[PDB]
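For reference, the chain that follows is the form deposited in one PDB entry, supplied as C-alpha cells.
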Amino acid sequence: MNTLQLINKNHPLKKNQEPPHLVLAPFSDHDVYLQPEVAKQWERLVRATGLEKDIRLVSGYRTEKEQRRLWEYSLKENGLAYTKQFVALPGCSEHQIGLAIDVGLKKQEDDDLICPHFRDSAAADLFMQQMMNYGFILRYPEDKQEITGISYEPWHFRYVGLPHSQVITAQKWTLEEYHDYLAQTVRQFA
C-alpha cells in the first residue's frame, strides 16, 4: 500500500508482500492493468493535458514471470548489455506493484526499447509539464544512471502520489535520492 516503496536491484520486491488490487486502465491500445488510484490519476492527467489522441499506455502491471519473459525476449533481441541497461531483473521491477507505467506515442511501430520516439515529442513536452501534478515522476532521468542503475528512459513514469511527485520533480531527484533525503530528515528528529 506504500506508494513510495523503493524497488531496484539492491531493493528487490518483497516475496511476503501482498499482490496489489488491479483494474483495467483507459487510454491504451493493449489491455493494461494498474492499481485503481494510479489508473484514475493517469486518466485525469491525459484528459487535463488533452492528450487523448497523442499518448497511449504501452505497459503497466507485470508479474514476476512476465518480467522474466520480457527480460529473456530482450536478451535475444538486443543482447545482454542493452537489456541490463533498460530492463530490470525479475523481482526488481516496479512494474510488479502496479505503480509504474510505460507511455508511448499514439502513432508508432516500434516501442522506445527499439527505436526511441517519445523523447522531445510534442506530446511528451506537454506531458512533462503536468505529470508531477497528478502523482507521477520520471523514474529514470538523464545523467542519473549511477543512482538508479538504469539508463535514461523518458517513457517510464512512476506513481508516488502527491505531494511527493511535486517535491521530487522540483528538486530533479530520483526515488533513491528521495529515500535518502527522507532517511536523513528522520534522523534529525532522533
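Under this definition, the rigid core comprises the largest set of C-alpha atoms superposing within 1.5 Å between the forms. Residue numbers run from 1 along the displayed sequence. Residues that one form lacks are left out of the comparison.
The deposited model assigns a higher average Cα B-factor to 13 to 21 than to the other stretch when 176 to 184 and 13 to 21 are compared. In this crystal structure, the stretch out of 157 to 165 and 56 to 64 whose C-alpha atoms carry the higher mean B factor is 56 to 64. In the deposited coordinates, the residue among 114, 81, 87, 101 with the greatest CA B-factor is 114. Annotation for residue 123: CA B-factor lies in the highest third of the chain's modelled residues. For residue 134, the recorded CA B-factor ranks within the middle third of the chain. Only modelled residues enter the ranking.
In this PDB entry, residue 36 carries a Cα temperature factor that places it within the middle third of its chain's modelled residues. In this PDB entry, residue 96 carries a Cα temperature factor that places it within the middle third of its chain's modelled residues.
Ranked by C-alpha B-factor against the other modelled residues of its chain, residue 7 falls in the lowest third.
Unshown form deposited in another entry; subsequent notes refer to it.
Of the candidates 100, 88, 113, 103, the Cα that moves 2 angstroms or more after core superposition between the shown form and the other one belongs to 113 alone. Legend note: Cα of residue 112 to Cα of residue 178 is at least 3 Å farther in that other deposited form than in the depicted form. Compared with the form shown here, the C-alpha atoms of residue 152 and residue 113 sit at least 3 Å farther apart in that other deposited form. Superposition on the rigid core leaves 107 to 117 as the sole run of at least three consecutive shared residues whose Cα positions differ by 2 Å or more between the shown form and the other one.
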